[PDB]
Amino acid sequence: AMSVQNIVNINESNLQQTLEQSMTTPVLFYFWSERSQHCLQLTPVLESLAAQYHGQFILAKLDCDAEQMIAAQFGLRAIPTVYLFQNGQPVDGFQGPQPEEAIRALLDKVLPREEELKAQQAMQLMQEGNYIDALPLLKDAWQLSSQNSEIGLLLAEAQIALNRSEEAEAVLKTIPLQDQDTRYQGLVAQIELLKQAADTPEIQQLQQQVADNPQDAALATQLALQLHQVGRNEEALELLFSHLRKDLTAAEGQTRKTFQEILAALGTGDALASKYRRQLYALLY
Ligand SMILES: [Ca+2]
Ligand SMILES: [Ca+2]
């Protein structure tokens, strides 16, 4: 049934739909009467909570004078009654006037928390491969949830698809041992595979040659270039930046040129690049 600000008036034409809606979205049934002075207080309050809650619950007004038989079916003892429905089943409710505060308390006890809504917005974005916009929702939701496991797993999954394996690892190390179940174990395996896939023969050999020659700018620069080949961009940038802090001519300007090519490749939309651009500017000028 179509709502206007998430209010529908119940009659025999829409009872069954609304009861069915209740399986997915909680429904606040409000048994009311034009003749009830108490309904005159309650009505305005319930309608504006129906506005302020943006579809998180539907208000189902049942006029008990116009719809006497539908009302007898619910088993009313007084008008007004307000009953929260979920799964076609009454959950909680009350009878008589109530301040806004008791109503919210009844509503918020059942409605999804901010972090759950955020997690669901993020899951949709991830559905649309928009991992990049899912990330801030998941960080937000994860903090709000006090770093709960379920959200944790989603946050790690997002960081992995974004090639932020280090960040994902840091999240997963957070998870209680008892929650290290199937999904978690798949994530840990992905990470190991990702790491292995980025640990190239050429990188391994250049690595050791810089471990033992921690001053050859040209060696560090070819390495940085290999790291870039496989998306290890942060390591490649920090290492090129280490040597630029010492000499801007490093390895005869190849350090600076490689540094700026990587930044070019990462584009304007990269937090990582944008960080390093500003450090570069401050260092050069
Ligand atoms: Ca378990
Ligand atoms: Ca400066």
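Please treat every number below as a calculation from the coordinates, not as lab data. Reconstructed Cβ throughout: ideal geometry from the backbone, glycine too, with neighbour counts over all protein chains shown.
In Å, the Kirkwood hydrodynamic radius of segment 1-113 over pairs of distinct alpha carbons?
Kirkwood hydrodynamic radius for segment 1-113: 13.8 Å.
Of all alpha-carbon pairs in the chain, indicate the percentage at a distance above 28 angstrom. It works out to 58 percent of all Cα pairs.
Sites counted here are trypsin sites (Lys or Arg not before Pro) in a DSSP loop (not H, G, I, E or B) having no more than 13 other Cβ atoms within 10 Å; the longest part of the chain that contains none of them is 174-244. For the chain, a simple Cβ point-charge model (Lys and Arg +1, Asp and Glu -1, everything else neutral) yields a dipole of about 500 debye relative to the Cα centre. Shown here are the Rg and Dmax of the Cα trace of segment 114-197, at 12.0, 38 Å.
Which order results if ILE203, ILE132 are arranged by neighbouring Cβ count within 10 Å, fewest first?
Exposure proxy ranking, most exposed first: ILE132, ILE203.
Cross-link reach is defined here as a Cα-Cα straight distance under 19 Å, omitting same-chain residues fewer than 8 places apart; for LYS173 the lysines meeting it are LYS139, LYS195.
When the Kirkwood radius is taken over all Cα pairs of segment 1-61, what Stokes-Einstein diffusion coefficient follows at 37 °C and 0.692 mPa s, in µm²/s? Provide the component values of the computation, followed by the final result.
On the way: Rh = 11.9 Å.
D = 277 µm²/s.
Measuring r between the beta carbons of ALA211 and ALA161 and using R0 = 41 Å, the FRET efficiency lands at 0.85. Taking other C-beta atoms within 10 Å as the exposure proxy, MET126, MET2, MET23 rank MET2, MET23, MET126 from fewest upward. Say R0 is 35 Å: what FRET efficiency, to the nearest 0.05, do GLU100 and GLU234 get from their beta-carbon distance? Step by step, r from the Cβ atoms, then E = 0.10.
For segment 25-127, GluC sites (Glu not before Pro) are listed when DSSP marks them as loop and at most 12 other Cβ atoms sit within 10 Å of their Cβ; the list is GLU34.
In the chain, the longest principal axis of the Cα atoms and the axis of helix 233-244 are about 40 degrees apart. Dipole magnitude for segment 191-240: computed about the Cα centre from +1 point charges on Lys and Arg Cβ and -1 point charges on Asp and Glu Cβ, it is near 100 debye. Say a paramagnetic label sat at a point 7 Å from the Cα of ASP199, along Cα to Cβ; which residues of segment 159-193 have their backbone N under 16 Å from it? Backbone N within reach: 165-166, 169, 188-193.
Hey, quick one: spin label on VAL110, modelled 7 Å out along Cα-Cβ, who in segment 38-72 has an amide N within reach, i.e. under 18 Å? So the set is 43, 45-63, 71. Global dimensions of segment 198-285 from alpha-carbon coordinates: Rg and Dmax equal 12.4, 38 Å.
Let me know the volume per residue of the alpha-carbon convex hull for segment 135-183, in Å³.
Numbers: hull volume 3.1 nm³, N = 49.
In segment 135-183, the Cα hull volume divided by residue count equals 64 Å³.
The label point for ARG245 and the one for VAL4, both projected 7 Å from the Cα toward the Cβ, are 6.5 nm apart.
Each 10 Å bin from zero holds the following percent of Cα-Cα pairs in segment 86-129: 22, 34, 26, 14, 3. Taking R0 as 51 Å, what's the FRET efficiency between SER13 and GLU192 from their Cβ-Cβ distance, rounded to 0.05? Efficiency, rounded to the nearest 0.05: 0.30.
For the chain, the mean residue ellipticity at 222 nm estimated from helices alone is -18000 deg cm²/dmol, where every DSSP H run of n ≥ 4 contributes -39500 (n - 2.57) and the total is divided by all residues, rounded to the nearest 500.
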